[PDB]
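Single chain ahead, by itself, as C-alpha cells, in the form deposited in one PDB entry.
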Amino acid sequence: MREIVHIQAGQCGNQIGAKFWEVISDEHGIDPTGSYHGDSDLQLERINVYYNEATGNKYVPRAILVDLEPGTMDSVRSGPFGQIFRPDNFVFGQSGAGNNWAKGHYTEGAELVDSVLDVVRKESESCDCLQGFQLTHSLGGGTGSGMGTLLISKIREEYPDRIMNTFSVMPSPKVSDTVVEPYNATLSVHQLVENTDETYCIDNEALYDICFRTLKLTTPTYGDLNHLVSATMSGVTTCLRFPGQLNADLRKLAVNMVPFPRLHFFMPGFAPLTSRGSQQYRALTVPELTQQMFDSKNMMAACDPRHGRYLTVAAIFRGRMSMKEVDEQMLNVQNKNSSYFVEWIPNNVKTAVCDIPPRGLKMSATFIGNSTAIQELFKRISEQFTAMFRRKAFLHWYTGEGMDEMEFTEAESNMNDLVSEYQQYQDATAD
C-alpha cells in the first residue's frame, strides 16, 4: 500500500483540491514547477503516496482534474501550483451540469466519464502497489455530486479491491445558491453509503458558523471556508504522508474506524481555528489542543458530539511536543467524556504524533471522529429534501433527464435508514 490516486470534480472539488496540493506541497518541499526545494529528508520518505517522480527531481501530483464546465480549466491553472498538474490529466467538458445531479449522473456526465477512467487507468498502472483513491467534490451541485458518484461507482467496479475515499462537502442555506441542493445531496449520499469506505464530511454550515461566529468574519467568502478545509485535509492525511511508528494507510484507517460498512462518515475537527492572517494562535498548549479538539465548536460537521456516542476516534497531534503529556491528556478527555464513547468497542481512541508542524503554526491537532451524532447532519439534509419533494418542486429538471420519481424516494428512505442505524448504536449498551 503505497500510491494514492487523487480525483477532484466540479467547481468545489477543484477549488478545495487545488488548495490541498498547495498545502502538502509546501509541507513536502515541492515548488509549482516540481523541483524539490526542501531542507529536511522526511519530506521524501513517503512522497510516492501522492506524487510521481519523473524527469529529474520533477515531482507531479498523482491527481485527476474533472469538471463538466470548462471554465474550471483556466481557473486551476491560473492558481499558484496550477502548472504542476499533468496537462493530460485535465478532463473537462463543454456544458455544465447547472446544479442538476441528473445531468451529472445520467446525461452529460456519462458522456465524459469514460474519458476520465482512461486517465485513472494510466495513473493507476504506474503504481507499485496502489492502495486506493480519494475524491474531492460537493454534494449540492451537478458535476461533483452526480458525475462524482457515477465516477465513484464506476471505479468500484474496476478496482473493487481498493479503498475509496471522499472529501464530500455538504450544502447549507448559509452558503448556498439554490434550493435544489438537498435534492443533489440526498441522491449523492445514497451512493456514498454503498460505494465508499471512508468519507470526510466537510459541512458548509459548520465552516460558515466557525468563520461568522468563532473567527468573527462578518461575511465569509469561499476562501475563508477553504482555509479551514485545506487545514483539515492536511491533518487527516498526515500519517499517510509521514511514516512514524504506525505506517498508516487508508485500509488500516477503515478497518479500525468503520465498525459497520454503511456508517463510514467521519466528523473531522481541527485545532487551533485560525483565519487567513491571524498570528495569535501560535501558543496553544497540549491540554488546550486536547480539549479544543473534542469541542463541538471545532467540528467541521455542523453537529454536537455531546448529543451522541463516539464509535471510534483518531487524534493526530502535530509539532514538537511531549508524547507523554499527550498520552495523559488524551486519557483524561476519555474520562470526563466517558459516557460519550461506546462501552462495547474497547480502546476505540488512537493517538498519533508527527513532529512536522503545518505551515503557519508550531503545534496542531487534527480530530477524526466516527460519532453517532453525525445523524444530525443527515436529518438536516433530509428535512430540507422532504420539504421540497413533498411539493414536487423542480422535479421536471431531473425526470426530463431520464430519472424516475421512484429514485428520489429511494434516496430519501436510504438516508432515513442511515439515521436509524446511528440511533441504534447511540442507544445500544453492552449489558
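Just count from 1 along the sequence shown to find any residue number. Only residues modelled in both forms are compared. Only the largest set of C-alpha atoms that superpose within 1.5 Å between the two forms is called the rigid core.
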Next on the checklist: Quick check on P220: across the other compared entries (only those modelling residues on both sides), is it unmodelled in a third or more?
Outcome noted: no
Item to check | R306 dropped from a third or more of the other entries of this protein | outcome: no
Checklist outcome for this item: Mean Cα B-factor check, 339-347 vs 353-361, entry values; winner is 353-361
Checklist outcome for this item: Comparing mean C-alpha B factor in the record for 59-67 and 366-374, the higher one is 59-67
Checklist entry - Which of these has the highest Cα B-factor in the record: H137, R156, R262, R77? => result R77
Checklist entry - Looking at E181, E205, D224, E325, which has the highest Cα B-factor in the entry? => result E325
Checklist outcome for this item: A430: CA B-factor among chain residues, third -> highest
Checklist entry - Where does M1 sit by CA temperature factor within its chain: lowest, middle or highest third? => result highest
Checklist outcome for this item: Here the Cα B-factor of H396, set against its chain, lands in the third termed highest
Next on the checklist: By the recorded C-alpha temperature factor, relative to the other modelled residues in its chain, which third is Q191 in?
Outcome noted: middle
Checklist outcome for this item: So, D41's CA B-factor, relative to its chain, sits in which third? The highest
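Below, we refer to the form deposited in another entry, which is not included among the displayed structures.
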Checklist outcome for this item: Candidates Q279, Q94, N347, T219; compared between the shown form and the other one on the rigid core, the one with a C-alpha shift of 2 angstroms or more is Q279
Item to check | Large Cα shift (2 Å or above) at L246 between the shown form and the other one, core-fitted | outcome: yes
Checklist entry - Shorter or longer C-alpha distance for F367 and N247 in the other entry, given it differs from this form by 3 Å or more? => result closer
Item to check | Note on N247-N256 C-alpha separation in the other entry, which departs from the shown form by 3 angstroms or more | outcome: closer
Next on the checklist: Counting only residues modelled in both forms, where do runs of 3+ with a CA shift of at least 2 Å appear between the shown form and the other one, relative to the core?
Outcome noted: 244-247, 279-282
